[PDB]
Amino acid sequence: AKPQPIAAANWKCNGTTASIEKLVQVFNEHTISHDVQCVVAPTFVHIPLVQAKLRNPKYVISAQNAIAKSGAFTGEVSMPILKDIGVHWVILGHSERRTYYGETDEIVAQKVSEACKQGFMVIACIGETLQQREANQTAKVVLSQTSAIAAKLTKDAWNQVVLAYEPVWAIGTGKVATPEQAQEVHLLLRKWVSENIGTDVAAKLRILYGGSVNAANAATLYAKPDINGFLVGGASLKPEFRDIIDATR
């Protein structure tokens, strides 16, 4: 009795208007016949184009990042600005931003909290590095990341949260986690949520896997009992995202 799956396309910093037009038509022409929330997260400047072209009723549009408040923050996009333009999903804490762009656990947690307060659905990203994995620290790391987020949330806010477990060593590298690796982590995360947040919350929570998901490995990942779908980078730029969606059947 899994909760509704999610298939989320993180386009990252990629696209042209011609390429996006073509890919959106692919997405539109793919009839989805099961209950799944599809998400596409274009770059900020592409949000209006995607809003204008995307019509598949299974989809919503997400931002790839945000800051909490409007103001004197040259170059950034705030949560109120996104809400006003009709975007009410956001990806927060992607490894890329934790690594390159200074986002500590505290900063990610604050952003997630603020997003929930503003009515967003949030895909909050967590995951260990290769060195953490090899040091047998996977569980400690993902639980610390999750706990940091949880410390700024009320119980009710969790209804807006989606966790995305993405081992850093699997992101963009062609080294997907095995089904067993992912399931082990999703199980421990769900147990933590059950015990620390609530048993109801844990049963409803979507915990997505990401890191080198493709159309050929997705269904076997999805067969694991605590995997609720995917956060997809490279493969989401391609027509084979259709089969990743259908791997959540």
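Throughout, we count residues from 1 along the sequence that is shown.
Mean CA temperature factor is higher for 24 to 32 when stretches 24 to 32 and 62 to 70 are set side by side in the entry.
The PDB entry reports B-factors from which the mean C-alpha value can be compared for 1 to 9 and 240 to 248; the larger average falls on 1 to 9.
Set against one another, the Cα B-factors of 178, 78, 95, 131 in the record reach their highest point at 131. You'll see in the entry that, of 47, 208, 203, 213, the Cα B factor peaks at 203. Annotation for residue 168: CA B-factor lies in the middle third of the chain's modelled residues. When the modelled residues of the chain are ordered by their C-alpha B factor, residue 229 lands in the lowest third.
For residue 143, the recorded CA B-factor ranks within the highest third of the chain. Only modelled residues enter the ranking. Among all modelled residues in its chain, residue 126 ranks in the lowest third by Cα B-factor. In the PDB entry, a CA B factor belonging to the highest third of its chain's modelled residues is recorded for residue 199.
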